[PDB]
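Here is the structure we will look at.
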Number of protein chains: 2
Amino acid sequence: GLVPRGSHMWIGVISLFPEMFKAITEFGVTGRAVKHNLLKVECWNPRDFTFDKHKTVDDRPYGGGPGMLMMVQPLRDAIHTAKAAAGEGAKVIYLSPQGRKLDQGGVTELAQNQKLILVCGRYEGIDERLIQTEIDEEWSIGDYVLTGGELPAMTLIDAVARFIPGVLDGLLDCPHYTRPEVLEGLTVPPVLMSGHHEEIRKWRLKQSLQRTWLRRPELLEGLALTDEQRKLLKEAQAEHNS
Amino acid sequence: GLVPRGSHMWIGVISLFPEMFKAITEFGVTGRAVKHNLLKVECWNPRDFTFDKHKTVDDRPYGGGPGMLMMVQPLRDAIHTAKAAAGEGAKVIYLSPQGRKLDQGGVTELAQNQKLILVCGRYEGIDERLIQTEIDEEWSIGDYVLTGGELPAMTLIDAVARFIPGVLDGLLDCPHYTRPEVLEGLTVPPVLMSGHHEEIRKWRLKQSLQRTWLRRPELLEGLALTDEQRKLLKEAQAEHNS
Ligand SMILES: NC[C@H]1CCC[C@@H](CNc2ccc(C(N)=O)cn2)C1
Ligand SMILES: NC[C@H]1CCC[C@@H](CNc2ccc(C(N)=O)cn2)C1
């Protein structure tokens, strides 16, 4: 290919439903990243590692209780095959609600890895000793439970892929407006039609500060605001208080 | 169908990439919920609402700056068509990093709705006046940015679908173990082979409390622990301190 590839990422995926990953590899910005060789996603399915007639991928938990776990042998063999394909330096990630909570800073840390292997749990998850022996890091995409680790893995791939050069402040987005000039009686703020680029930049920043303060004030606590940001935030708070 | 349907959910989706949703509708537990008529996902693509030769779905932002926005007319017409199909009572949700942060409690609130319409933003998102006029609630799946609202929408569908009867404490999961009895020298905790159901329940609960304290102690602050939980947590903390 001709598209500059230097920072490309390889992501191995272990999943019982590899076809789910077409949602990222066949469409959109991520699909383009795959076609241009900026991103490669390679999947291994534990089902292909079973030897019994029925291709059994689940197993009963010690101690009983409801639920099944992923069967150790097919999952372990799939992980080992993915690790051999990756060569040296691949970090193996398991997605689960018990993992470190993902945020944009963590996305940018993960995007530093040229190789990742993402293990997608189903059922009640994977045997704890496999976490100990095969998993480098455990991450959660949020505090909620899904039917498998595939959507979390897809979410992580998409988030990290945005930080790969060529694929494409700590505050919420400012409001954005497009045509038409009047929509259900609502008008575009005149500043955005002014052509004054500095006034527009400051208005957008002030709106982002105001929205972050009103919706997610804890996000402001994590920032050391610039002098300009402190002033625009004070102005917004004064206006909000009238 | 014969599968009991009483609590079924209908989810309309507005997306430029409706085929991404096959990942949920064709596979796994969610795929089964669709086949059994517990969950219906119906998609409308703004591209089908364009009238120009090139089927234009993006538009330039007022005030310039980088990025495009979703074009208002095709998106608005798609939303209106979805609302007409839904009939009365559909809550219209826009997924974005500026929305209320999703957690399991919020999932269970959302699962009370028999009808949802999920609007998937691409580019720099949707015109603010469309949020004002067409959107009931804005939600985020986590503090990170993706290339579109499709994966967030899929994540929300899967999370809510688990609370639909028939599809399938505030603490992290306890460790789980399956065969074999010894794995890379690591043994299953003897209690889980004891056959003593009460001792197993208490061990699992104590482990969940210990893991939550060590990994996500802020989660314990949100709970009013039961008497039994307070005792097992104190025991775990004492053991951790030796
Ligand atoms: N006890 C349920 C749990 C057992 C272990 C496997 C998971 C798979 N599903 C997931 C995975 C990850 C996330 C997340 N928040 O990152 C949510 N859901 C389900
Ligand atoms: N400025 C970027 C932003 C513009 C507006 C549309 C979104 C689409 N992508 C999303 C959507 C939702 C989430 C989430 N955390 O729920 C993340 N990513 C992108």
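Quick note on naming: the chains in the structure tokens go A, B, ... in the order shown, residues restart at 1 in each chain, and ligands are numbered from 1 in order of appearance.
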
- Residues of chain A near chain B: apply a cut-off of 7 Å, count only C-alpha atoms, and supply the list as number ranges by chain. A: 20, 23, 29, 59-63, 69, 72, 98, 103-104, 127-129, 141-147, 151, 155, 158-159, 172-173, 175-179, 183, 186, 192-193, 195, 200

List every residue of stretch 200-231 of chain B that DSSP, applied to the backbone of this structure, places in helix (DSSP H, G or I), and write the result as a ChimeraX atom specification.
/B:200-215,217-221,227-231

I need the residues from that last selection saved to file as an mmCIF file, in the first residue's frame (with C-alpha atoms), if you can.
```cif
data_model
loop_
_atom_site.group_PDB
_atom_site.id
_atom_site.type_symbol
_atom_site.label_atom_id
_atom_site.label_comp_id
_atom_site.auth_asym_id
_atom_site.auth_seq_id
_atom_site.Cartn_x
_atom_site.Cartn_y
_atom_site.Cartn_z
ATOM 1 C CA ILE B 200 -19.300 -21.629 49.146
ATOM 2 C CA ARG B 201 -21.810 -18.767 49.073
ATOM 3 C CA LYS B 202 -20.024 -16.964 51.897
ATOM 4 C CA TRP B 203 -16.585 -17.518 50.349
ATOM 5 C CA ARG B 204 -17.756 -16.090 47.000
ATOM 6 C CA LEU B 205 -19.352 -13.097 48.710
ATOM 7 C CA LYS B 206 -16.252 -12.449 50.795
ATOM 8 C CA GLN B 207 -14.083 -12.621 47.659
ATOM 9 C CA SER B 208 -16.421 -10.189 45.849
ATOM 10 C CA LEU B 209 -16.204 -7.792 48.777
ATOM 11 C CA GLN B 210 -12.405 -8.103 48.928
ATOM 12 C CA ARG B 211 -12.007 -7.556 45.175
ATOM 13 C CA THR B 212 -14.321 -4.561 45.213
ATOM 14 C CA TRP B 213 -12.451 -2.979 48.137
ATOM 15 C CA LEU B 214 -9.051 -3.513 46.542
ATOM 16 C CA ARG B 215 -9.928 -2.570 42.918
ATOM 17 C CA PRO B 217 -13.293 1.034 46.691
ATOM 18 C CA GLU B 218 -15.558 3.889 45.614
ATOM 19 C CA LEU B 219 -18.153 1.270 44.662
ATOM 20 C CA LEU B 220 -18.387 0.263 48.349
ATOM 21 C CA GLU B 221 -19.143 3.849 49.302
ATOM 22 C CA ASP B 227 -24.620 -7.103 58.365
ATOM 23 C CA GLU B 228 -23.199 -10.285 56.778
ATOM 24 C CA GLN B 229 -21.339 -8.219 54.171
ATOM 25 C CA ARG B 230 -19.830 -5.907 56.802
ATOM 26 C CA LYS B 231 -18.485 -8.912 58.696
#
```

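Nearest to residue A:34 of all the residues A:237, A:3, A:15, A:80 is A:3, based on only C-alpha atoms.
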
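The interatomic distance for the pair atom CA of residue A:13 and atom CA of residue A:43 works out to 4.6 Å.
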
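Here the residues within stretch 117-204 of chain A that DSSP labels strand (DSSP E or B) on the basis of the backbone are residues 117, 118, 119, 120, 137, 138, 139, 140, 182, 183, 186 and 187 of chain A.
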
(message) I want to know what sits within 9 Å of residue A:46, based on only C-alpha atoms, with residues of the same chain fewer than 2 positions away left out; could you give that as a PyMOL selection string?
(response) chain A and resi 14-16+44+48-50+57+71+73-79

Closest of A:123, A:88, A:136, A:37 to ligand 1, counting only C-alpha atoms and all ligand atoms, is A:123

In Å and to one decimal, atom CA of residue B:38 is distant from atom 6 (C, counted along the ligand's line) of ligand 1 by 22.4 Å
